[PDB]
2 protein chains.
Amino acid sequence: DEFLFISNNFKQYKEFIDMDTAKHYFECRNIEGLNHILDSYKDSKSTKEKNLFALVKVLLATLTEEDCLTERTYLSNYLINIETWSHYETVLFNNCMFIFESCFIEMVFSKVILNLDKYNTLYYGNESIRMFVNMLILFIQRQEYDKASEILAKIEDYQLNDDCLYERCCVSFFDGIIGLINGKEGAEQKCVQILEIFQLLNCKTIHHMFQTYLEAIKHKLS
Amino acid sequence: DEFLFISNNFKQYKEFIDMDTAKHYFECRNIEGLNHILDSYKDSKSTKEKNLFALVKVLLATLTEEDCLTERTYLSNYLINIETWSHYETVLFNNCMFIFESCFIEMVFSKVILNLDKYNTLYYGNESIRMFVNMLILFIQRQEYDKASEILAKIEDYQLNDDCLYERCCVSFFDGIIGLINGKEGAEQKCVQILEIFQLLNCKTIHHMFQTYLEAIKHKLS
């Protein structure tokens, strides 16, 4: 029957939806973001309600140049002081890691690296890497090379856990990027080689993405 | 983490809610019933979408003198042709068993009566009985007494199964009703005794329900 119907009681899944909704609400519509904030300050009592309000506020602030230090520091606080990693906090982190300072991001990453393995027995098995790469990108666009390299070394030591090759591809490619901006020896060779392996397997989407990135970095290399 | 988050894929749970929406839309709101039918004939392709469309059709038709024999026959069809019973169909049946012919209902009772035990290991543990009474009243309100007593005899045979005390109370009360309309021996005594036991424990809601029903039957005894 549906006794699993009772397993609806974990209906905080709605939060996930709302967040996700808001995550794309950020794209265009503003006034209903305002409505969102209205409703979520009507219900500003619980910690996750506060988290949601904080995120919507953050997005609204990037939309309208507003300062939002309260909500920013709140989110940073919450994500730093979480003990055990659940998908909720990984979603939240992946969403709002853009306004985070690289120290906080570094610490959060330092935390996920152990509680990650449940994604590795299990799209979502890539959520991990989807996080890692995101971080890396944000470091390279923030031009924090030592911290990026720190992530890379950490991940390469933790490459022992997952033998998935999209991982090793990304770490070698971004390593190549580091060498590229640092002006190292065979960096661009690594990058363009990985691009070559990407298009060779006729995986046109990913190859397009990473080629676009490499050419964007080359452009910014002015 | 949330690997139970992946178990969102059983998101046909929406149907339940949708159904539930209509369940209270039927009480008052018409216009969004019309909107519902609009959308559900817009999407009249899948079987449960068809089920929902049929239910909304049914409710709007009881509200607004429409015939809805087609959708009636559809619902009857679906509820006859399920092999193994799930909570979904208990919900659907409990919703639309009002416009049904007692024949289909009879077969449904013959089918659900075995698949009941998931409710019996397990509000919802009483849902089974919540269905039965729904049937029973509808039989007496349709004035089909022999069928009602027949069902009751079956339930008393299946009383061996569940030792829940709301059951024996209900069957004793309705048995009393049967004796009351057939004019059998000391029936109303049994009824008023059961009501008495209800009100003695100061559970006024249930006692109120069954007393108002009993007085309605007393009235119709003209």
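Residues numbered from 1 in each chain as written, not as in the entry; some residues may be left out. Chains lettered and ligands numbered in written order. Heavy atoms only, no water.

- Method of structure determination, per the deposited record: X-ray crystallography was used for this entry, reaching 3.500 Å resolution.

## Brief notes about the overall build of chain A
Here is step 1: Looking only at helices and strands, chain A has twelve helices and zero strands in total.
Here is step 2: Traced from its N-terminal end to its C-terminal end, chain A shows the element sequence α-α-α-α-α-α-α-α-α-α-α-α.
Here is step 3: Dimensions of chain A along its principal axes, counting C-alpha atoms only, are 60 × 50 × 30 Å.
Here is step 4: The buried share of chain A, taken over its 222 residues, is 39%.
Here is step 5: Here chain A has roughly 13100 Å² of accessible surface; of this, 55% comes from carbon and sulfur atoms.
Here is step 6: Positive and negative charge centroids in chain A, built from 22 and 33 side chains respectively, lie 3 Å apart. (Helix = DSSP H or I, 4+ residues; strand = E, 2+ residues; numbered from the N terminus. Buried < 20%, exposed > 50% of the residue type's maximum accessible area, 1.4 Å probe, protein only. Areas by Shrake-Rupley, 256 points an atom, 1.4 Å probe, with all protein chains shown as cover. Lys, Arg positive; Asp, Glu negative; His and termini not counted. Charge placed at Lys NZ, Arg CZ, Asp CG, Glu CD.)

## Examining the packing of aromatic side chains
Aromatic ring pairs: the centre-centre distance and the angle between the two ring planes describe each pair.
Here is step 1: Taken as a whole, this structure holds 29 aromatic pairs over all chains when the rule is applied.
Here is step 2: Judged by centre distance (5.2 Å) and plane angle (85 degrees), the rings of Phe109(A) and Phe132(A) are edge-to-face.
Here is step 3: Under the relative-accessibility criterion, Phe132(A) is labelled buried at 4%.
Here is step 4: Of the aromatic side chains, those joined through ring pairs into one cluster are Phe5(A), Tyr13(B), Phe16(B), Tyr78(B), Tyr88(B), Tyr123(B) and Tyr124(B).
Here is step 5: Of note, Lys48(A) hangs over the ring of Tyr88(A), and the distance from its end group to the ring centre comes to 4.8 Å.
Here is step 6: The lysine or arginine in question, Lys118(B), covers the ring of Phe3(A), its NZ or CZ lying 3.8 Å from the ring centre. (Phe/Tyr/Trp six-rings, centres within 6.5 Å; stacked < 30°, edge-to-face > 60°. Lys NZ or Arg CZ within 6 Å of the ring centre and 35° of its normal.)

## Description of the relation of the copies chain A and chain B
Here is step 1: Mapping chain A onto chain B calls for a screw motion: a turn of 179 degrees about the axis and a shift of 0.4 Å along it, with 0.5 Å RMSD after fitting. Here the copies are linked by what is in effect a two-fold axis. (Least-squares fit on C-alpha atoms.)

## Remarks on the pattern of salt bridges
Here is step 1: Counted by the stated rule, this structure contains 14 salt bridges over all chains.
Here is step 2: Among the salt bridges present, the one from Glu144(A) reaches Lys147(A), with a minimum N-O distance of 3.7 Å.
Here is step 3: Among the residues examined, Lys147(A) registers a relative accessible area of 24% and is labelled partly exposed.
Here is step 4: Put simply, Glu32(B) and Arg29(B) hold a salt bridge, and the shortest N to O gap is 3.1 Å.
Here is step 5: Connected through shared salt-bridge partners, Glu106(A), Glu144(A) and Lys147(A) make up one network. (Salt bridge = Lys/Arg side-chain N within 4 Å of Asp/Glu carboxyl O.)

## A closer look at unusual backbone geometry
Here is step 1: The phi angle at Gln143(A) is positive, at roughly 55 degrees, despite the residue not being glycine.
Here is step 2: Among the structural elements, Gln143(A) can be located in the loop between α8 (127-140) and α9 (145-157).
Here is step 3: A positive phi angle is found at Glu65(B), which is not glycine, with a value near 50 degrees.
Here is step 4: Along the polypeptide, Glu65(B) turns up in the loop between α3 (47-63) and α4 (69-80).

## What about the interface of chain A and chain B?
Here is step 1: Facing 20 residues of chain A, the contacting portion of chain B comprises 21 residues.
Here is step 2: Carbon and sulfur atoms supply 67% of the area buried between chain A and chain B, which totals about 2000 Å² over both sides.
Here is step 3: The largest contributions to the chain A side of the interface with chain B come from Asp1(A), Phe5(A) and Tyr13(A), which together make up 33% of the buried area.
Here is step 4: Inspection of the chain A/chain B interface yields zero salt bridges.
Here is step 5: If you look at where chain A meets chain B, you find five residue pairs in polar contact.
Here is step 6: Its residues assigned to classes, the side of chain A that touches chain B comprises twelve nonpolar, four polar and four charged. (Contact = heavy atoms within 4.5 Å. Buried area = accessible area lost by both parts, 1.4 Å probe. Polar contact = N/O pair within 3.5 Å; in protein donor to acceptor, adjacent residues only side chain to side chain. Nonpolar A, V, L, I, M, F, W, Y, C, P; charged D, E, K, R; others polar.)

## Considering the packing of helix α11 (residues 187-200) of chain B against helix α12 (residues 204-220) of chain B
Residue and element names in this part refer to chain B.
Here is step 1: Axis separation between α11 and α12 bottoms out at 9 Å; the angle between their running directions is 160 degrees. Here α11 lies roughly antiparallel to α12, going by the angle between them. Here α11 and α12 pass one another in a crossing that is left-handed. Residue-level inspection shows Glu188, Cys191, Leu195, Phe198 and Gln199 of α11 in contact with α12, the latter providing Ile206, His207, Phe210, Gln211, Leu214 and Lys218.
Here is step 2: Within the contact of α11 with α12, the residues separate by chemical class into six nonpolar, three polar and two charged. (Axes fitted to C-alpha atoms, helices over the stretch in contact; angles between N-to-C directions. Parallel < 35°, antiparallel > 145°, perpendicular 65-115°, else oblique. Left-handed = near helix turned anticlockwise from the far one by under 90°.)

## A look at the side chain of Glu106(A)
Residue and element names in this part refer to chain A.
Here is step 1: Mapped onto the elements, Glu106 comes out in helix α6 (residues 102-112).
Here is step 2: Under the relative-accessibility criterion, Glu106 is labelled buried at 13%.
Here is step 3: Ignoring sequence-local partners within four residues, the contact set of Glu106 consists of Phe139, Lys147 and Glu150.

## Observations regarding the state of the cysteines
All names here are of chain A.
Here is step 1: Following the criterion strictly, the structure yields zero disulfides over all chains and no others.
Here is step 2: As a non-bridged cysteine, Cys103 has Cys96 as the owner of its nearest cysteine sulfur, 15 Å distant.
Here is step 3: Note on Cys203: no disulfide assigned, nearest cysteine sulfur contributed by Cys169 at a separation of 10.0 Å. (Disulfide = S-S within 2.5 Å.)

## What to know about the nonpolar core
Here is step 1: In terms of nonpolar packing, the biggest core is built from 64 residues, with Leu79(B), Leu92(B), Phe93(B), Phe173(B), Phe174(B) and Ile177(B) touching the most fellow members.
Here is step 2: With sequence-adjacent residues up to four places away left out, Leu92(B) is seen in contact with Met19(B), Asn51(B), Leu55(B), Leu75(B), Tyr78(B) and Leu79(B).
Here is step 3: Counting residues in hydrophobic clusters, the runner-up holds 55 residues, among them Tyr78(A), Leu92(A), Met131(A) and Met135(A). (Core = buried A, V, L, I, M, F, W, Y, C linked by side-chain atoms within 4.5 Å.)

## Things to note about α8(A)
All names here are of chain A.
Here is step 1: For α8, with 14 residues, the first-to-last C-alpha span of 20 Å sits near the 20 Å given by 1.5 Å per residue.
Here is step 2: Counting buried residues in α8 gives eleven out of 14 residues, a clear majority hidden from the surface.
Here is step 3: Buried residues of α8: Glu127, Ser128, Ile129, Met131, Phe132, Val133, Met135, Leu136, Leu138, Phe139 and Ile140, and no others.
Here is step 4: Residues of α8 that are buried in the fold lie against α5 (87-96), α6, α7 (117-121), α9, α10 (165-182) and α12 (204-220). (Expected span 1.5 Å × (residues − 1).)

## Re the side chain of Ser86(B)
Here is step 1: Along the chain, the position of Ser86(B) falls in the loop between α4 and α5 (87-96).
Here is step 2: Since its relative accessible area comes to 14%, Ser86(B) is described here as buried.
Here is step 3: At a separation of 2.8 Å, a polar atom in the side chain of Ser86(B) contacts the side chain of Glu89(B).
Here is step 4: Once you skip the residues sitting within four places of it in the chain, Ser86(B) turns out to touch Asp1(A) and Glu2(A).

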